[PDB]
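Asker: One structure, pasted below without further comment.
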Ligand SMILES: [Co+2]
Ligand SMILES: [Co+2]
Ligand SMILES: [Co+2]
Ligand SMILES: [Co+2]
Ligand SMILES: [Co+2]
Ligand SMILES: [Co+2]
Ligand SMILES: [Co+2]
């Protein structure tokens, strides 16, 4: 930050720390800053730490390190400035305040595993086909490799492919005899893939979640479950989805929607509406079909973010000490069904750490059954879709479909100022190039969703404001996250 | 709720349980914001800590101890915080006592009562004398002048609505002259609702709308070309932009959402900016009723904010300010520019003397606004206040009243504030009132000016009290606490 020695007289040193938000107009990940604390080092004796405009923040000294807390003052909107004055009595080899480190109210060691990248040879504007594909052999390799990923894809099955295992379910889903995973339309798969590349969220998990919450991504041969007749490979199936539900296929309540709307200003514009973004229709042209998955993912992501803000490094520590290989998925799903308050009540990272890290099956030992066996159902369907090597979902995409998709993305997400008109148009030109380039493999009439859409997405994301995942901020966020004691 | 956990030796350990008891939503109990908790003792405070780890900030001034929760001071539904206090026994009264929770709201906020129904009034079956205290004053035409700005401290008449449709002999939005008139009667119903509910002078809302969007004023000036309005065989031009989504009060969506978050008791979650604010040429549009109230709320919010930041001193200023229109100036200026402008002026802080000594507040502080906003609004308000010649009046059928209250139920409040039984019986009492004081006019209509305050009060005999809820929530706490005017 910006500090300055105001005066050194006698043995006391007076330093002015200017903490401020510089931005006047909205910028990416700079609309509002939330500061948990400000740490600095000194060997001298701290006399007093006060605000310049009256009052003093709460601080405490542990050896060489001093931690300053802003408490209720820690909210920095646009064009906000707070000056802090520090007095120190000169002592030791290094008495002057130094090594200032502002700790934002966010997971300092949060983990978002990279799925894959474009070749370093890739350039904006005019690129070649070899600048899109690192290795055509693996890029078109059909062979399906099994994986055991839950909510977050730490270890991707393939860096450039989309493995959505449309597996058959041999165990009860919503009290059914059996079930079969299928995708309603391709635009929803585009949404799943966008959430996958952007937020590193396993699409199979969103499939399981939607299927459990509203039969959104699953059908069954069970006669009791009567609904829309879906034909797959000369086989009649019943789709008991409630397509008229305003909470969408992910069952997102309006309260949660508005809350995560306030949490992420960089993602959700002010004109956003619950029913518009979530409630889908039988018509695949509905915008919601694309917006519904991402939003859900965001919500899920939010929960994770929250934990990273409350537990910090310890979170990651748990990940290497937990015997249950599905623990994170369990916690996140359970928190999605019940609420973050349920997670806070479980107190895994607090009072009940030992039982948590020692239990081989986390969701059984904590009696977190959810609503009608929610957690185990979601986990099981996710794992089953992960193990599927026989049949993987694929789709054909025309250019107008891509245009439609990105137009929808521009219309429903982001905020004026994040991406101006120029480089967005240029972005669409680069996506045009990419499309026409790797469509020559299929005959220039279509591109493969599974094989190509990750590449398309990455080409499109070469222009997206980085860091790609913005920090959840704002008023509500600060105090809902700071009060969080899991 | 405090309790002596243990007294051992000379140290006393007390457990203070601070919590929100409500699980389902209730009126003015959805969220509690606590600035501080004060208690008295003569002993020596050893330590004040939270039960779940950490300690709040406190300080002792003699017998009084002030506890501050800071970032912990937000209490949503079903939230509980336990605080442990240790005190060393000393003096005549050592035990913690006289606990006083100071909510983050004006402790001495002033909302002057305009008038009341007779104490003889009962729910269900009442008489005509239970509605009218004195028929003489109740139907007295004679118009008494007044000098009220934003808040009606001294009402001209307790049961009447004096909307002075006066002629303006000075420039409003660069016009040669202007004439105040009401678009439709439903908007007047809205103005009156804001008047009885939030104690806001309807003339002020008239001036505000007129200045912001020509919403309540017409002119004979030829340059100002627009919709032709005929009043008493006289052609007038109405240069209102009826297609503006910000409504006739020019309320930006940001402000709308902010005050939407500030008042959970007033605005439901499904509320939309364009739906509530943007009106149309058709008087049947719901916005025509919702637009004034909302605006008033916004205005009220500003005032509330000051009451939270300055407290008693606010009222003190009211009796020390030489300018009799100071509050109106500050509120209007804050509405045009923003509360940040008021915070920047620092009247109650660094520049108190010049503020209370200046006879004309808005001239000495150079707060001209946008194109002379403040003085225009003040002048139009005062002119409408001085008007005794011609007062606005309207005729109301029962279906109009039904429409009004249905709109109110649909657009405002929150599920749980007023149950169905409560509303249905209320509407029956309003039916009774209507039919009762319609017998004076022939049972075909009721007078807006003379009767609608009575109707409103009859309807408000069932409304959840206190009628004006406290602005609360996350945004409110820290936007109000950071406020240093
Ligand atoms: Co604990
Ligand atoms: Co083909
Ligand atoms: Co990138
Ligand atoms: Co804020
Ligand atoms: Co000051
Ligand atoms: Co009452
Ligand atoms: Co909150």
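Asker: Condition first: out of contact with any strand residue (DSSP E or B) (no Cβ under 6 Å at 6 or more places or on another chain), within 17 Å of residue A:2 (Cβ to Cβ) and either within 14 Å of another protein chain (Cβ to nearest Cβ) or outside any loop (DSSP other than H, G, I, E, B) (or both). Now tell me which residues in the range A:71-103 satisfy that.
Answerer: A:79, A:80 - these are the residues of the range A:71-103 that are out of contact with any strand residue (DSSP E or B) (no Cβ under 6 Å at 6 or more places or on another chain), within 17 Å of residue A:2 (Cβ to Cβ) and either within 14 Å of another protein chain (Cβ to nearest Cβ) or outside any loop (DSSP other than H, G, I, E, B) (or both).
Asker: Right, next: Could you please find all residues in the range B:60-70 being within 14 Å of chain A (Cβ to nearest Cβ) and either over 34 Å from the mean Cα position of the chain (by Cα) or part of a helix (DSSP H, G or I) (or both)?
Answerer: Result: B:70, single match.
Asker: For the range B:308-400, which helices (runs of 4 or more DSSP H) that fit wholly inside it have 3 or more residues that are touching a helix residue (DSSP H, G or I) at 6+ places or on another chain (Cβ under 8 Å) and over 27 Å from residue B:35 (Cβ atoms)?
Answerer: On the way: elements: B:312-320, B:326-336, B:339-345, B:352-357, B:361-364, B:373-386.
In the range B:308-400, the matching helices (runs of 4 or more DSSP H) lie at B:326-336, B:361-364, B:373-386.
Asker: Still on this structure: Tell me which helices (runs of 4 or more DSSP H) are completely within the range B:401-485 and hold 3 or more residues being in contact with a strand residue (DSSP E or B) (Cβ under 8 Å, 6 or more places away or on another chain) and more than 16 Å from ligand 2 (Cβ to nearest atom), or say none if there are none.
Answerer: Helices (runs of 4 or more DSSP H) meeting the threshold: B:448-460, B:474-481.
Asker: May I pose another question? Would you mind listing the strands (runs of 3 or more DSSP E) fully within the range B:173-244 where at least 3 residues are over 28 Å from the mean Cα position of the chain (by Cα)?
Answerer: Per the criteria, B:227-230, B:235-238.
Asker: I'd like to know if the range A:107-130 contains one or more residues that are in a strand (DSSP E or B) and on the phi < 0 side of the Ramachandran plot.
Answerer: Scanning the range A:107-130, I find no residue that is in a strand (DSSP E or B) and on the phi < 0 side of the Ramachandran plot, so the answer is no.
Asker: Among what's in the range B:271-283 and is assigned to a loop (DSSP other than H, G, I, E, B) and in contact (Cβ under 8 Å) with a residue 24 or more places away in the chain, pick the residue that is farthest from the other protein chains (Cβ to nearest Cβ).
Answerer: Among those that are assigned to a loop (DSSP other than H, G, I, E, B) and in contact (Cβ under 8 Å) with a residue 24 or more places away in the chain, it is B:283.
Asker: Any residue that is crowded, with 23+ Cβ neighbours inside 10 Å and under 14 Å from the mean Cα position of the chain (by Cα) - is there at least one of those in the range B:334-345?
Answerer: For the range B:334-345, residues crowded, with 23+ Cβ neighbours inside 10 Å and under 14 Å from the mean Cα position of the chain (by Cα): present.
Asker: Any idea which residue in the range A:1-40 is nearest to ligand 2 (Cβ to nearest atom), counting only those that are farther than 25 Å from residue B:71 by Cβ and within 28 Å of the chain's Cα centre (by Cα)?
Answerer: A:28
Asker: So residue B:247 ticks every box in (1) in a loop (DSSP other than H, G, I, E, B); (2) within 14 Å of another protein chain (Cβ to nearest Cβ); (3) surrounded by 19 or more Cβ atoms within 10 Å (Cβ to Cβ) but one. Which box is left unticked?
Answerer: (2)
Asker: Do we have any residue at all in the range B:438-453 that's within 14 Å of another protein chain (Cβ to nearest Cβ), touching a residue at least 24 places away in the same chain (Cβ under 8 Å) and away from ligand 7 (no atom under 16 Å from the Cβ)?
Answerer: No, every residue in the range B:438-453 fails to be within 14 Å of another protein chain (Cβ to nearest Cβ), touching a residue at least 24 places away in the same chain (Cβ under 8 Å) and away from ligand 7 (no atom under 16 Å from the Cβ).
Asker: Output yes when any residue across the range B:353-369 is within 16 Å of ligand 5 (Cβ to nearest atom), within 23 Å of residue A:81 (Cβ to Cβ) and more than 14 Å from every other protein chain (Cβ to nearest Cβ), and no when none is.
Answerer: If we filter the range B:353-369 for residues that are within 16 Å of ligand 5 (Cβ to nearest atom), which is where we start, we get B:353-355.
Those still in the list that are within 23 Å of residue A:81 (Cβ to Cβ) too: none.
For the range B:353-369, residues within 16 Å of ligand 5 (Cβ to nearest atom), within 23 Å of residue A:81 (Cβ to Cβ) and more than 14 Å from every other protein chain (Cβ to nearest Cβ): absent.
Asker: Of everything in the range A:459-476 that's under 26 Å from residue B:474 (Cβ atoms) and more than 9 Å from every other protein chain (Cβ to nearest Cβ), which residue is farthest from ligand 5 (Cβ to nearest atom)?
Answerer: Applying the filter and picking the extreme gives A:469.
Asker: Which residue out of A:257, A:268 is part of a helix (DSSP H, G or I) and within 14 Å of another protein chain (Cβ to nearest Cβ)?
Answerer: On the way: A:268 fails: part of a helix (DSSP H, G or I).
Matching residue, one of A:257, A:268: A:257.
Asker: Under 9 Å by Cβ, and 6 or more places apart or on different chains, what pairs join a residue from the range A:286-298 that is on the phi > 0 side of the Ramachandran plot with one that is surrounded by fewer than 24 Cβ atoms within 10 Å (Cβ to Cβ) and assigned to a helix (DSSP H, G or I)?
Answerer: Short answer, once both residue conditions are applied: none.
Asker: Could you please let me know if residue A:145 is outside the structural domain of residue A:296 (by CATH), touching a residue at least 60 places away in the same chain (Cβ under 8 Å) and either out of contact with any helix residue (DSSP H, G or I) (no Cβ under 9 Å at 6 or more places or on another chain) or more than 30 Å from residue A:475 (Cβ to Cβ) (or both)?
Answerer: It is false that residue A:145 is outside the structural domain of residue A:296 (by CATH), touching a residue at least 60 places away in the same chain (Cβ under 8 Å) and either out of contact with any helix residue (DSSP H, G or I) (no Cβ under 9 Å at 6 or more places or on another chain) or more than 30 Å from residue A:475 (Cβ to Cβ) (or both).
Asker: May I ask you to list pairs of residues, at least six apart or on different chains, whose Cβ atoms are under 9 Å apart, with the first in the range B:38-53 being within 14 Å of another protein chain (Cβ to nearest Cβ) and the second being assigned to a loop (DSSP other than H, G, I, E, B)?
Answerer: Every condition considered, the pairs that remain are B:48/B:55; B:48/B:56; B:49/B:55; B:49/B:56; B:50/B:56; B:52/A:485; B:53/A:485.
FYI the Cβ positions are ideal-geometry reconstructions off the backbone, even for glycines, and counts take in every protein chain you see. Basis: the model, the stated rules and, where named, an outside source; no laboratory instrument gave them.
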